[PDB]
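So the structure is just underneath, and the comments pick up after that.
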Amino acid sequence: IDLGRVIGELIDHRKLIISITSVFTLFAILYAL
Amino acid sequence: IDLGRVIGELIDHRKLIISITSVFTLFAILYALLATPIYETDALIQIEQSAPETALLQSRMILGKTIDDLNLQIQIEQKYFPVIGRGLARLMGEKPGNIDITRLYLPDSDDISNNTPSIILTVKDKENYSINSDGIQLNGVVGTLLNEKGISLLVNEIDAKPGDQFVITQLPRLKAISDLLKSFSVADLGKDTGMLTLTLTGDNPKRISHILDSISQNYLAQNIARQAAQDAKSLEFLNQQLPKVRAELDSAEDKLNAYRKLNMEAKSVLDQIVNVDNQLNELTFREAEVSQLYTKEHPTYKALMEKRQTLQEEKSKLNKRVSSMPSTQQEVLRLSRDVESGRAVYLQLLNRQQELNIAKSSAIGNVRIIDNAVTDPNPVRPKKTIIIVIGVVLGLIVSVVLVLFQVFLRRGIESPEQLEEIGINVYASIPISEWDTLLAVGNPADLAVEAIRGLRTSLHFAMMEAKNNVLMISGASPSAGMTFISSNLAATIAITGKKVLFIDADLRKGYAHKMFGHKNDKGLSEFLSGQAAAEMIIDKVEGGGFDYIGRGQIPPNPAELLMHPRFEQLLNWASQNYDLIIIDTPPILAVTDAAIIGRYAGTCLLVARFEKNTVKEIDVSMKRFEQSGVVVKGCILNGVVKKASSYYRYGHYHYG
Amino acid sequence: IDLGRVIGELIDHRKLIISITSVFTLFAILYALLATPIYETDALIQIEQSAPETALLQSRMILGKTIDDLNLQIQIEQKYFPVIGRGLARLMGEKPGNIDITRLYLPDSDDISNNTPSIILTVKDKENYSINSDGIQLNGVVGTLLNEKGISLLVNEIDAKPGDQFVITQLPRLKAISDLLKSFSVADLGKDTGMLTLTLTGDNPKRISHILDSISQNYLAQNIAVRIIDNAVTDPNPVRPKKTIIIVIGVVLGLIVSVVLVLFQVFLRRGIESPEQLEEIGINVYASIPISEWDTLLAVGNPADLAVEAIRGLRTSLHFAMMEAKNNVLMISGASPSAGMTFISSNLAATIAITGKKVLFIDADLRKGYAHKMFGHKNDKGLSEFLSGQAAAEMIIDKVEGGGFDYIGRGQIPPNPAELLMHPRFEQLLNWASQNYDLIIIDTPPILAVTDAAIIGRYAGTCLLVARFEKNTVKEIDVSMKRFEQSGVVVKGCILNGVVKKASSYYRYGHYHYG
Ligand SMILES: Nc1ncnc2c1ncn2[C@@H]1O[C@H](COP(=O)(O)OP(=O)(O)O)[C@@H](O)[C@H]1O
Ligand SMILES: Nc1ncnc2c1ncn2[C@@H]1O[C@H](COP(=O)(O)OP(=O)(O)O)[C@@H](O)[C@H]1O
Ligand SMILES: [Mg+2]
Ligand SMILES: [Mg+2]
């Protein structure tokens, strides 16, 4: 395994990563407000 | 990896490194030059312990007393539109403005969040000014008080130039106490001695010294009160009035209860009266205690009379407002004024009762002030040098991280050994020519044309023992340089007196006719489809010396056209009338045209773009050609540039 | 790596090492000899405790009283223009001047920044003096007070030579207090006794003792409204700067930086250092020519030079290598320009000619050839004019005066050099010459730059590369060999040129005179 492979994996899975992080941040904002 | 590699990488990325370091250092400079300076003042007090005195100095009673004395709940700040206007004004040497305000009462909207009312005052001259809260514009004059629209304001000694604006906020008392407490510190410095060091930080070098002096005076006065409070009748005087004051308070409550069992202006004036009554009450009690411990001609003592004069005038005009109000609303206000003032004065008497009790138990001998507060003219914040150093070091560290990142993310070819490890002969390395014309004709002395001549002499030896005199140039990915290499190579081989035919077999995006000067009718397509003869398609390059065959009109079936036997008939015919035939083709990874053509070509070469293509793409292209029965002779690295990290030396320099 | 290598590297770079260390030591000595000396004065106080007392001594009341007593707000600075003039003046034995001023009042400009007004006084004699604030020149006399232009000033006992200048500053009271507080220290020395040691540092040995006495007296008087055991005295030996430690740090820093810089220069060299590096790859090195310290042929001007001896060695190597060659044509080329190809070729031709064989030297560097300059020339009808067809084979051959061999110069620089060399007339010329001469040596441009050498090498029986000693790398030579081989030219071997003596080499040449 190398850095290029993991970077490519993140780039490919960016849709899932962004969706999950956005959901968690949205719940955090709703609780905080 | 070794030191040479990293040094070369740094040298190559020097422009990026310098840019990043410079931008962070510029931001650090800008911050350390526009951040508002913070001065610090200190004082020294003698005590005859010192652990509870530290806590008693930071109590809300002492700080509240000093805020009421110095009137710190009136916040005045010069107006600058940007978050840097103040810094620019200071650097340009402009003298900051200041206004002395001794009386302020906003209408106290007091909504859910904005508990701090504020107005904007614009200086029109040395005497008059304009005031706006929410667009309600008013004209005021220094000296005379302004009491209009539920707003009371007294402005004295305007020191600014006309046109300046100042934000005036009336923040709550606890907010002022918290603000002062955040910046105030007490220490013993010896952990046993009777020495107290008081410290206060703030942006106004004189205001903070005045505040610290006021704190010291209040502490000294409070603690030495016991000297003459033992025989002072005020203690019993408090014990006498306090039950009595409660009596009318109960009566005031009951009468209001009886009448109860909402005019906007009435409560607006009602609160303002209540504030005026409060201001009078402690002022008299303040004026009382000042009278024994100070002199009448003392500036503090003389101050209270015009403050007392101010309050009475405000109340008098307030009484004028009430007299102009209906008695139905006036009746409620008189009950309310009695209730509010009585309740307010009751708490004050409870406060004064509690204050004098603490003086009774104060064990400290009395007080002594060794050093009155003075302010150090050299600001303590921001610390310029450390900020600058952190900025520079941060710039360097982020630059190094970014460059190392780009190094480990790089995959393109860098030097012909990468190709030669796999077993691919690299016949040339063409540099970038920074110079719709043939390079080998416009600028025959260019470096790239020299490298192409080197390729020519390599080919003249490689193409011996070839099946025929057909050379096919192809590549892995588009815009790698196949047309560039093919056309210029044809030019250089033609100038040596051999007859050359150039065929643009890129029936999809071929533009050789544009680059040669053309008769675009009857290209290769029109021949292959059968609607042209082998003689109508050959054209002469003007600045060249070789013939060409253009693609013609784009067909809908390029790959299937190239499979027609007319193509091989054309090649066999041309191979007897020319010394060399050079065929330009589309990439091999994209389409299959090159693999169809390569069956008829004696020699085939790939072109690899310098930094874009990778080793694997070239290997894959070689395999794809091989599976179709075409043997690739070798590769041509194109688009090389100078990299200090290479440690590979080309001859890409002028010699002449 | 081993110890022998690093010792050799140090011996080689000794000049740089010594220069750097010498510069650092010189700066250290100059700093330790020009920094103004700082003396320490001290006193001893007895307390009948002492924890609050250190805080009370350093209070603004005591220090303020002393400052008012001694007028320490009147700062007098003897004027030296450079940041070293005072140090030189002290070293030259010049006695520093001083002036007693007992009452001073400047108009107190008090702008945003310069809260410290200051003037300049120039001494005219023992009696009168000139004063200038901002060009306003006034004349004053010791004794009588001056009250003019918002500047009021009284001078007593000017003690200096005429022509001296002094800056007089009236700094604020708080600034003076802070300055005094910086130099003043109190310690307990027993942590339990009633003994306190008071210390004060300053540049004037007497003024600081007076100041400490004033502090002690003011303190003592204040307390009785505490006992002075030892009044203040000044140690005559300055405490700063500490000369020896400064010099030692300078020397050690110099050695450290020199060693580290040498380590970079060692780790960042890539050039060839010995023929062993080339022979690892599989390249025969036929000679190693040293640098000749001595527009003329070296093999003619100084036939006994070391470089010519090495070239004779190369000649005897060639006479054996060039047997079983397909013809008598030898081509010298190289990797990079200014490696020595023309030097080697011309001198080798000279040494082979002096043995009684007929030698022809062809300068086929049609781009930057200068052989005709170095031989004495009739520059008409070089090689270009022959190849282009406007000259015959016999008007281009010229005779070297001090040599003994013929040559063919390039002629006029053509616009198409590489295309000319492909003409068959070139091969005709070589075939004709190969029957009239014993040896033909062809000089060529580098191979990495242009392709002329690879065109010529097809007709050459033997080819040799020339590599400069320290400049070229092994990679360049290997690349040049491969590029020649791709074009169908077999390179016999290499010639290392421009060697110098390196102690770190541990590889021994015979570059020394024997005779
Ligand atoms: N070494 C080079 N120096 C300067 N320009 C180049 C070089 N190689 C290619 N190019 C130019 O960049 C463009 C891409 O090359 P081109 O051959 O036309 O595309 P393709 O390889 O797909 O046929 C062209 O405009 C070409 O002239
Ligand atoms: N061993 C050497 N000793 C002294 N000078 C040398 C030596 N080798 C080359 N030179 C001189 O350094 C210069 C470069 O050599 P030269 O052969 O003329 O360049 P090029 O290799 O490109 O033909 C010349 O002036 C040459 O006389
Ligand atoms: Mg193309
Ligand atoms: Mg030369």
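In the structure tokens, the first chain shown is A, the next is B, and so on; residue numbers restart at 1 for each chain, and ligands run from 1 in the order shown.
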Contacts of segment 72-89 of chain C at 6 Å (only C-alpha atoms; same-chain gap of 3+ positions) as a PyMOL selection string | chain C and resi 34+67+92+94+165-171+176
With N, CA, C and O atoms kept, could you save the residues just selected as an mmCIF file, in the first residue's frame?
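Everything below was put into selection.cif:
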```cif
data_model
loop_
_atom_site.group_PDB
_atom_site.id
_atom_site.type_symbol
_atom_site.label_atom_id
_atom_site.label_comp_id
_atom_site.auth_asym_id
_atom_site.auth_seq_id
_atom_site.Cartn_x
_atom_site.Cartn_y
_atom_site.Cartn_z
ATOM 1 N N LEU C 34 35.861 45.838 21.225
ATOM 2 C CA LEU C 34 35.185 47.104 20.994
ATOM 3 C C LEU C 34 33.917 47.290 21.808
ATOM 4 O O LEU C 34 33.470 48.430 21.959
ATOM 5 N N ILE C 67 16.687 59.648 41.512
ATOM 6 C CA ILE C 67 16.787 60.249 40.189
ATOM 7 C C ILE C 67 16.651 61.757 40.277
ATOM 8 O O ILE C 67 17.408 62.501 39.647
ATOM 9 N N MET C 92 42.555 53.688 21.585
ATOM 10 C CA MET C 92 43.622 54.637 21.300
ATOM 11 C C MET C 92 44.083 55.394 22.533
ATOM 12 O O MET C 92 44.932 56.282 22.405
ATOM 13 N N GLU C 94 42.442 57.539 24.253
ATOM 14 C CA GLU C 94 41.842 58.858 24.375
ATOM 15 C C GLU C 94 40.998 58.934 25.640
ATOM 16 O O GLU C 94 40.202 58.035 25.923
ATOM 17 N N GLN C 165 31.767 66.796 20.401
ATOM 18 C CA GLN C 165 30.323 66.939 20.341
ATOM 19 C C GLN C 165 29.669 65.990 21.336
ATOM 20 O O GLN C 165 30.175 64.898 21.601
ATOM 21 N N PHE C 166 28.549 66.431 21.903
ATOM 22 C CA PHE C 166 27.820 65.649 22.891
ATOM 23 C C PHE C 166 26.329 65.765 22.633
ATOM 24 O O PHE C 166 25.822 66.861 22.386
ATOM 25 N N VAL C 167 25.636 64.639 22.693
ATOM 26 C CA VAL C 167 24.184 64.612 22.628
ATOM 27 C C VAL C 167 23.642 64.767 24.038
ATOM 28 O O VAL C 167 24.045 64.039 24.953
ATOM 29 N N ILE C 168 22.737 65.719 24.223
ATOM 30 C CA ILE C 168 22.098 65.955 25.508
ATOM 31 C C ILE C 168 20.623 65.641 25.350
ATOM 32 O O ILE C 168 19.926 66.294 24.566
ATOM 33 N N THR C 169 20.146 64.647 26.088
ATOM 34 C CA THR C 169 18.764 64.205 26.009
ATOM 35 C C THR C 169 18.065 64.462 27.333
ATOM 36 O O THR C 169 18.633 64.217 28.403
ATOM 37 N N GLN C 170 16.835 64.962 27.264
ATOM 38 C CA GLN C 170 16.008 65.129 28.454
ATOM 39 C C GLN C 170 14.897 64.090 28.372
ATOM 40 O O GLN C 170 13.790 64.362 27.911
ATOM 41 N N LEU C 171 15.204 62.889 28.832
ATOM 42 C CA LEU C 171 14.260 61.793 28.760
ATOM 43 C C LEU C 171 13.282 61.860 29.927
ATOM 44 O O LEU C 171 13.576 62.458 30.963
ATOM 45 N N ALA C 176 13.768 57.117 32.826
ATOM 46 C CA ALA C 176 14.962 57.038 33.656
ATOM 47 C C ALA C 176 14.788 56.017 34.769
ATOM 48 O O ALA C 176 15.710 55.252 35.070
#
```
Compile the contact shell of residue 405 of chain B as number ranges by chain: residues with an atom at most 12 Å away, counting only C-alpha atoms, same-chain residues fewer than 3 positions apart removed.
-> A: 3-4, 7; B: 9, 13, 398-402, 408-410
Take the residues from that selection and write them out as a PDB file, in the first residue's frame, keeping N, CA, C and O atoms.
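Okay, out07.pdb is ready:
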```
ATOM      1  N   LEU A   3       0.734   5.933  -0.569  1.00  0.00           N
ATOM      2  CA  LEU A   3      -0.076   7.136  -0.440  1.00  0.00           C
ATOM      3  C   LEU A   3      -0.961   7.347  -1.659  1.00  0.00           C
ATOM      4  O   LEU A   3      -2.107   7.794  -1.531  1.00  0.00           O
ATOM      5  N   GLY A   4      -0.443   7.056  -2.852  1.00  0.00           N
ATOM      6  CA  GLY A   4      -1.237   7.260  -4.050  1.00  0.00           C
ATOM      7  C   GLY A   4      -2.506   6.433  -4.049  1.00  0.00           C
ATOM      8  O   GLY A   4      -3.578   6.919  -4.418  1.00  0.00           O
ATOM      9  N   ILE A   7      -5.019   7.932  -1.537  1.00  0.00           N
ATOM     10  CA  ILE A   7      -5.559   9.182  -2.048  1.00  0.00           C
ATOM     11  C   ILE A   7      -6.587   8.901  -3.129  1.00  0.00           C
ATOM     12  O   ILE A   7      -7.659   9.515  -3.163  1.00  0.00           O
TER      13      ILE A   7
ATOM     14  N   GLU B   9      14.588  18.840  -5.681  1.00  0.00           N
ATOM     15  CA  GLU B   9      13.161  19.130  -5.619  1.00  0.00           C
ATOM     16  C   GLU B   9      12.914  20.531  -5.086  1.00  0.00           C
ATOM     17  O   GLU B   9      12.068  21.267  -5.611  1.00  0.00           O
ATOM     18  N   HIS B  13      11.060  23.583  -7.125  1.00  0.00           N
ATOM     19  CA  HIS B  13       9.855  24.224  -6.623  1.00  0.00           C
ATOM     20  C   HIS B  13      10.136  25.543  -5.917  1.00  0.00           C
ATOM     21  O   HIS B  13       9.253  26.052  -5.218  1.00  0.00           O
ATOM     22  N   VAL B 398       4.849  24.631   5.861  1.00  0.00           N
ATOM     23  CA  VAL B 398       3.793  24.267   4.924  1.00  0.00           C
ATOM     24  C   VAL B 398       4.357  24.117   3.518  1.00  0.00           C
ATOM     25  O   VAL B 398       3.916  23.252   2.756  1.00  0.00           O
ATOM     26  N   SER B 399       5.339  24.943   3.147  1.00  0.00           N
ATOM     27  CA  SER B 399       5.953  24.790   1.833  1.00  0.00           C
ATOM     28  C   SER B 399       6.615  23.430   1.701  1.00  0.00           C
ATOM     29  O   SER B 399       6.435  22.736   0.696  1.00  0.00           O
ATOM     30  N   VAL B 400       7.381  23.030   2.711  1.00  0.00           N
ATOM     31  CA  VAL B 400       8.051  21.738   2.648  1.00  0.00           C
ATOM     32  C   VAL B 400       7.034  20.612   2.571  1.00  0.00           C
ATOM     33  O   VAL B 400       7.188  19.674   1.780  1.00  0.00           O
ATOM     34  N   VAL B 401       5.977  20.684   3.377  1.00  0.00           N
ATOM     35  CA  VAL B 401       4.977  19.623   3.333  1.00  0.00           C
ATOM     36  C   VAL B 401       4.324  19.555   1.961  1.00  0.00           C
ATOM     37  O   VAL B 401       4.164  18.469   1.393  1.00  0.00           O
ATOM     38  N   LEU B 402       3.954  20.703   1.398  1.00  0.00           N
ATOM     39  CA  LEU B 402       3.278  20.702   0.107  1.00  0.00           C
ATOM     40  C   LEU B 402       4.176  20.148  -0.990  1.00  0.00           C
ATOM     41  O   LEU B 402       3.731  19.362  -1.836  1.00  0.00           O
ATOM     42  N   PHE B 408       5.640  12.943  -3.788  1.00  0.00           N
ATOM     43  CA  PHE B 408       5.146  11.577  -3.658  1.00  0.00           C
ATOM     44  C   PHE B 408       3.900  11.299  -4.482  1.00  0.00           C
ATOM     45  O   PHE B 408       3.535  10.132  -4.629  1.00  0.00           O
ATOM     46  N   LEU B 409       3.241  12.317  -5.025  1.00  0.00           N
ATOM     47  CA  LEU B 409       2.080  12.077  -5.869  1.00  0.00           C
ATOM     48  C   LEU B 409       2.399  12.065  -7.355  1.00  0.00           C
ATOM     49  O   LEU B 409       1.475  12.006  -8.169  1.00  0.00           O
ATOM     50  N   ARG B 410       3.668  12.126  -7.733  1.00  0.00           N
ATOM     51  CA  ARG B 410       4.042  12.243  -9.133  1.00  0.00           C
ATOM     52  C   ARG B 410       4.206  10.871  -9.768  1.00  0.00           C
ATOM     53  O   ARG B 410       4.841   9.982  -9.198  1.00  0.00           O
TER      54      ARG B 410
END
```
Show me which residues sit within 6 Å of ligand 1 when counting only C-alpha atoms and all ligand atoms, and put them as a short mmCIF file (atom, residue, chain, number, x, y, z; two decimals) with N, CA, C and O atoms, in the first residue's frame.
```
data_model
loop_
_atom_site.label_atom_id
_atom_site.label_comp_id
_atom_site.auth_asym_id
_atom_site.auth_seq_id
_atom_site.Cartn_x
_atom_site.Cartn_y
_atom_site.Cartn_z
N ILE B 430 13.21 14.89 -26.99
CA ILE B 430 12.97 16.16 -27.65
C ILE B 430 12.65 17.19 -26.57
O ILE B 430 11.82 16.91 -25.70
N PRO B 431 13.29 18.35 -26.57
CA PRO B 431 12.96 19.37 -25.58
C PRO B 431 11.79 20.23 -26.04
O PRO B 431 11.39 20.21 -27.21
N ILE B 432 11.24 20.98 -25.10
CA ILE B 432 10.16 21.91 -25.43
C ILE B 432 10.72 23.08 -26.21
O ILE B 432 11.71 23.70 -25.80
N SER B 433 10.10 23.40 -27.33
CA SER B 433 10.51 24.52 -28.16
C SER B 433 9.62 25.71 -27.84
O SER B 433 8.50 25.81 -28.34
N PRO B 478 -3.56 11.27 -26.60
CA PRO B 478 -3.59 12.37 -27.57
C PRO B 478 -2.81 13.57 -27.08
O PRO B 478 -2.60 13.77 -25.88
N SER B 479 -2.40 14.39 -28.04
CA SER B 479 -1.57 15.56 -27.78
C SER B 479 -0.31 15.18 -27.02
O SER B 479 0.09 15.83 -26.06
N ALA B 480 0.31 14.08 -27.45
CA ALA B 480 1.64 13.73 -26.98
C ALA B 480 2.73 14.25 -27.89
O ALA B 480 3.86 14.44 -27.44
N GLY B 481 2.42 14.48 -29.16
CA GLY B 481 3.37 15.09 -30.06
C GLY B 481 3.57 14.35 -31.36
O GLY B 481 4.49 14.65 -32.10
N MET B 482 2.69 13.39 -31.66
CA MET B 482 2.90 12.54 -32.83
C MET B 482 2.93 13.36 -34.11
O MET B 482 3.78 13.13 -34.97
N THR B 483 2.00 14.29 -34.26
CA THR B 483 2.00 15.10 -35.48
C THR B 483 3.21 16.01 -35.53
O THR B 483 3.83 16.17 -36.58
N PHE B 484 3.56 16.61 -34.39
CA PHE B 484 4.74 17.46 -34.31
C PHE B 484 5.98 16.69 -34.74
O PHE B 484 6.71 17.11 -35.65
N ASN B 638 9.18 12.99 -25.56
CA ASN B 638 8.95 14.30 -26.13
C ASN B 638 8.52 15.28 -25.05
O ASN B 638 7.89 14.90 -24.07
N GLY B 639 8.86 16.55 -25.26
CA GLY B 639 8.49 17.59 -24.34
C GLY B 639 9.33 17.69 -23.09
O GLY B 639 8.80 18.06 -22.04
#
```
Determine, using only C-alpha atoms and all ligand atoms, which residues of chain C have any atom at most 9 Å from an atom of ligand 2, and tabulate each with its shortest atom pair and distance in Å to one decimal place, rows ordered by chain and then rising number, as a tab-separated table.
```
residue	atom	partner	partner_atom_place_in_ligand_line	distance
C:289	CA	ligand 2	1 (N)	5.6
C:290	CA	ligand 2	1 (N)	5.1
C:291	CA	ligand 2	3 (N)	3.8
C:292	CA	ligand 2	3 (N)	4.0
C:293	CA	ligand 2	4 (C)	6.3
C:294	CA	ligand 2	4 (C)	7.6
C:295	CA	ligand 2	27 (O)	8.4
C:297	CA	ligand 2	27 (O)	8.8
C:298	CA	ligand 2	27 (O)	8.5
C:307	CA	ligand 2	1 (N)	6.3
C:333	CA	ligand 2	21 (O)	8.0
C:334	CA	ligand 2	21 (O)	7.1
C:335	CA	ligand 2	21 (O)	8.9
C:336	CA	ligand 2	22 (O)	7.2
C:337	CA	ligand 2	22 (O)	3.9
C:338	CA	ligand 2	22 (O)	3.3
C:339	CA	ligand 2	21 (O)	3.8
C:340	CA	ligand 2	17 (O)	3.3
C:341	CA	ligand 2	21 (O)	3.9
C:342	CA	ligand 2	17 (O)	3.6
C:343	CA	ligand 2	17 (O)	4.1
C:344	CA	ligand 2	17 (O)	6.7
C:345	CA	ligand 2	17 (O)	8.0
C:346	CA	ligand 2	17 (O)	8.7
C:365	CA	ligand 2	23 (O)	8.4
C:368	CA	ligand 2	22 (O)	8.2
C:369	CA	ligand 2	23 (O)	7.7
C:370	CA	ligand 2	18 (O)	8.2
C:371	CA	ligand 2	18 (O)	8.9
C:443	CA	ligand 2	23 (O)	7.8
C:444	CA	ligand 2	23 (O)	7.7
C:445	CA	ligand 2	22 (O)	6.8
C:446	CA	ligand 2	22 (O)	7.1
C:466	CA	ligand 2	21 (O)	7.9
C:467	CA	ligand 2	21 (O)	8.9
C:468	CA	ligand 2	8 (N)	8.0
C:497	CA	ligand 2	1 (N)	5.6
C:498	CA	ligand 2	1 (N)	4.3
C:499	CA	ligand 2	1 (N)	7.2
```
Write out as a list in words all residues of segment 352-393 of chain C that DSSP puts in strand (DSSP E or B) for this structure's backbone.
->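 Selection result, strand (DSSP E or B) within segment 352-393 of chain C: residues 359, 360, 361, 362 and 363 of chain C.
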Output file for the residues above (C-alpha atoms, as a PDB file, in the first residue's frame):
```pdb
ATOM      1  CA  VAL C 359      49.476  13.176 -39.715  1.00  0.00           C
ATOM      2  CA  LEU C 360      46.358  14.946 -40.982  1.00  0.00           C
ATOM      3  CA  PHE C 361      44.178  16.881 -38.542  1.00  0.00           C
ATOM      4  CA  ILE C 362      40.626  17.672 -39.668  1.00  0.00           C
ATOM      5  CA  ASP C 363      38.672  20.245 -37.669  1.00  0.00           C
TER       6      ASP C 363
END
```
Pick out the chain B residues within 7 Å of chain C. Count only C-alpha atoms. Give them as a PDB file with N, CA and C atoms, in the first residue's frame.
```pdb
ATOM      1  N   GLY B   4      20.647  14.637  -2.569  1.00  0.00           N
ATOM      2  CA  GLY B   4      20.599  15.262  -3.879  1.00  0.00           C
ATOM      3  C   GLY B   4      19.182  15.385  -4.401  1.00  0.00           C
ATOM      4  N   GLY B 190       5.511  37.921  46.769  1.00  0.00           N
ATOM      5  CA  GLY B 190       6.390  37.385  47.787  1.00  0.00           C
ATOM      6  C   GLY B 190       5.788  36.207  48.518  1.00  0.00           C
ATOM      7  N   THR B 193       4.536  38.613  52.002  1.00  0.00           N
ATOM      8  CA  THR B 193       4.708  40.005  52.368  1.00  0.00           C
ATOM      9  C   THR B 193       3.376  40.744  52.361  1.00  0.00           C
ATOM     10  N   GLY B 194       3.423  41.992  52.808  1.00  0.00           N
ATOM     11  CA  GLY B 194       2.267  42.860  52.762  1.00  0.00           C
ATOM     12  C   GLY B 194       2.261  43.735  51.529  1.00  0.00           C
ATOM     13  N   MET B 195       3.011  43.325  50.513  1.00  0.00           N
ATOM     14  CA  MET B 195       3.109  44.056  49.260  1.00  0.00           C
ATOM     15  C   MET B 195       2.095  43.503  48.273  1.00  0.00           C
ATOM     16  N   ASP B 371       3.208  53.021  45.404  1.00  0.00           N
ATOM     17  CA  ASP B 371       3.356  53.543  44.052  1.00  0.00           C
ATOM     18  C   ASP B 371       1.992  53.665  43.402  1.00  0.00           C
ATOM     19  N   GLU B 450      17.404  20.253 -33.480  1.00  0.00           N
ATOM     20  CA  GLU B 450      18.651  19.515 -33.322  1.00  0.00           C
ATOM     21  C   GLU B 450      18.398  18.118 -32.782  1.00  0.00           C
ATOM     22  N   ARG B 453      17.168  16.017 -35.489  1.00  0.00           N
ATOM     23  CA  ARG B 453      18.236  15.547 -36.370  1.00  0.00           C
ATOM     24  C   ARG B 453      18.962  14.353 -35.767  1.00  0.00           C
ATOM     25  N   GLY B 454      19.185  14.383 -34.458  1.00  0.00           N
ATOM     26  CA  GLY B 454      19.726  13.205 -33.800  1.00  0.00           C
ATOM     27  C   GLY B 454      18.847  11.988 -34.005  1.00  0.00           C
ATOM     28  N   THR B 457      19.414  10.595 -37.531  1.00  0.00           N
ATOM     29  CA  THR B 457      20.577   9.734 -37.710  1.00  0.00           C
ATOM     30  C   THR B 457      20.392   8.402 -37.005  1.00  0.00           C
ATOM     31  N   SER B 458      19.669   8.372 -35.887  1.00  0.00           N
ATOM     32  CA  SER B 458      19.355   7.083 -35.280  1.00  0.00           C
ATOM     33  C   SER B 458      18.511   6.227 -36.210  1.00  0.00           C
ATOM     34  N   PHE B 461      19.971   4.272 -39.218  1.00  0.00           N
ATOM     35  CA  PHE B 461      20.612   3.021 -38.861  1.00  0.00           C
ATOM     36  C   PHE B 461      19.616   1.974 -38.396  1.00  0.00           C
ATOM     37  N   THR B 496      17.730  16.708 -46.718  1.00  0.00           N
ATOM     38  CA  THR B 496      18.950  16.006 -47.085  1.00  0.00           C
ATOM     39  C   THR B 496      18.893  15.421 -48.484  1.00  0.00           C
ATOM     40  N   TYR B 648      20.041  13.908 -14.587  1.00  0.00           N
ATOM     41  CA  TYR B 648      20.193  13.379 -15.933  1.00  0.00           C
ATOM     42  C   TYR B 648      20.498  14.552 -16.848  1.00  0.00           C
ATOM     43  N   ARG B 649      21.546  14.429 -17.648  1.00  0.00           N
ATOM     44  CA  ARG B 649      22.010  15.542 -18.463  1.00  0.00           C
ATOM     45  C   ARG B 649      21.666  15.289 -19.921  1.00  0.00           C
ATOM     46  N   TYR B 650      20.887  16.195 -20.487  1.00  0.00           N
ATOM     47  CA  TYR B 650      20.596  16.252 -21.906  1.00  0.00           C
ATOM     48  C   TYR B 650      21.523  17.268 -22.554  1.00  0.00           C
ATOM     49  N   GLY B 651      21.532  17.279 -23.875  1.00  0.00           N
ATOM     50  CA  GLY B 651      22.269  18.320 -24.555  1.00  0.00           C
ATOM     51  C   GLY B 651      21.384  19.469 -24.974  1.00  0.00           C
ATOM     52  N   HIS B 652      20.335  19.729 -24.199  1.00  0.00           N
ATOM     53  CA  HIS B 652      19.358  20.751 -24.557  1.00  0.00           C
ATOM     54  C   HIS B 652      19.915  22.126 -24.184  1.00  0.00           C
ATOM     55  N   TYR B 653      21.020  22.472 -24.839  1.00  0.00           N
ATOM     56  CA  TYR B 653      21.633  23.783 -24.702  1.00  0.00           C
ATOM     57  C   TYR B 653      22.267  24.155 -26.028  1.00  0.00           C
ATOM     58  N   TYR B 655      24.834  25.323 -28.816  1.00  0.00           N
ATOM     59  CA  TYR B 655      26.262  25.186 -29.084  1.00  0.00           C
ATOM     60  C   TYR B 655      26.537  25.792 -30.451  1.00  0.00           C
ATOM     61  N   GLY B 656      27.113  26.987 -30.472  1.00  0.00           N
ATOM     62  CA  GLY B 656      27.390  27.658 -31.726  1.00  0.00           C
ATOM     63  C   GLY B 656      28.005  29.035 -31.582  1.00  0.00           C
TER      64      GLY B 656
END
```
Environment of ligand 3 within 10 Å, counting only C-alpha atoms and all ligand atoms, reported as a list in words =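 The residues within 10 Å of ligand 3, counting only C-alpha atoms and all ligand atoms, are residues 473, 474, 475, 477, 478, 479, 480, 481, 482, 483, 484, 485, 486, 487, 504, 505, 506, 507, 508, 509, 510, 511, 512, 584, 585, 586 and 587 of chain B.
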Pull the alpha helix (DSSP H) assignments for segment 341-418 of chain C out of DSSP run on the backbone, and list those residues as a ChimeraX atom specification.
-> /C:341-353,371-375,383-387,417-418
